[PDB]
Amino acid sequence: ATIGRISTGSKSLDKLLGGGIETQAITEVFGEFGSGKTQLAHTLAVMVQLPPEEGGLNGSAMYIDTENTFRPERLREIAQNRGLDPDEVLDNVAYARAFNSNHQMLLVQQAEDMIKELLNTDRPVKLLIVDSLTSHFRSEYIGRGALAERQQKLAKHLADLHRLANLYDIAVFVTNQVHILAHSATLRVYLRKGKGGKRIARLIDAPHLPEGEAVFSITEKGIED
């Protein structure tokens, strides 16, 4: 099935990504607080709702929040400044707070129910966000021998997410805080602050995509060049 692409709002970042964030894939962005990872998540939650000639998939979004990073008024602002109705856009983002890593897993199962429900409607789910995906796992699995268990649990969680992406043709977008641990996202993107208030993006361990870095801004429209 054809891979769909969601624009990030930034022409530069979209180019680095080969056109945007892909369905049937997990894209992981990681970086320090304020690197743009959460701003990008919010922007994508709006962009996915647009028609394809505007960089979206005529879809809705789901947002799993682990560290209280979700800001409804930020979504409304991004929407308003892109010519969209802020309340309608907010209503197309299904929010859930994950209380711990086990609840986080249950939420992914519940997400499947909604995805199935909307799959053949005029606005299917096309984006599932997990912000700070590892935070609960790092808090809960800690100490001697915790590495193996934590990595196994994360691998299973990521396998569940890969299944949703592939089975239902959705983009999964996950964020993490910032070197020898394994990772199983399809594509990993490192974000960092640059000069002039810009953020800089670099693909990590992606020999299949061309060499370069993207530059973008955080504005009233979310993310743009």
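Numbers follow the displayed sequence, beginning with 1.
Chemist: How many residues sit between residue 178 and residue 179 in the deposited sequence but have no coordinates: none, 1 to 3, 4 to 9, or 10 or more?
Modeler: The entry has 4 to 9 unmodelled residues between residue 178 and residue 179.
Chemist: Once you work out the mean C-alpha B-factor for both 38-46 and 65-73 from the entry, which is higher?
Modeler: According to the entry, 65-73 carries the higher average C-alpha B-factor.
Chemist: Do the C-alpha atoms of 189-197 or of 158-166 have the higher average B factor in the entry?
Modeler: Looking at the recorded C-alpha B-factors, 189-197 comes out higher on average.
Chemist: At the C-alpha atoms, which of 100, 121, 81, 92 reaches the highest B-factor in this entry?
Modeler: So the option with the highest C-alpha B-factor is 81.
Chemist: Highest recorded C-alpha temperature factor, please, choosing from 108, 146, 127, 115.
Modeler: Top of the list by C-alpha B-factor: 146.
Chemist: Sort the modelled residues of this chain by their C-alpha B factor and say whether residue 208 lands in the lowest, middle or highest third.
Modeler: It belongs to the highest third of the chain when residues are ordered by C-alpha B-factor.
Chemist: Which third of the chain holds residue 151 when residues are ordered by C-alpha B factor: lowest, middle or highest?
Modeler: Residue 151: CA B-factor falls in the middle third of its chain.
Chemist: Check where residue 30 lands among this chain's C-alpha B-factors and tell me if it's the lowest, middle or highest third.
Modeler: According to the entry, residue 30 has a C-alpha B-factor in the chain's middle third.
Chemist: So where's residue 104 on the chain's Cα temperature factor ranking, which third?
Modeler: Answer is lowest: the recorded C-alpha B-factor places it there.
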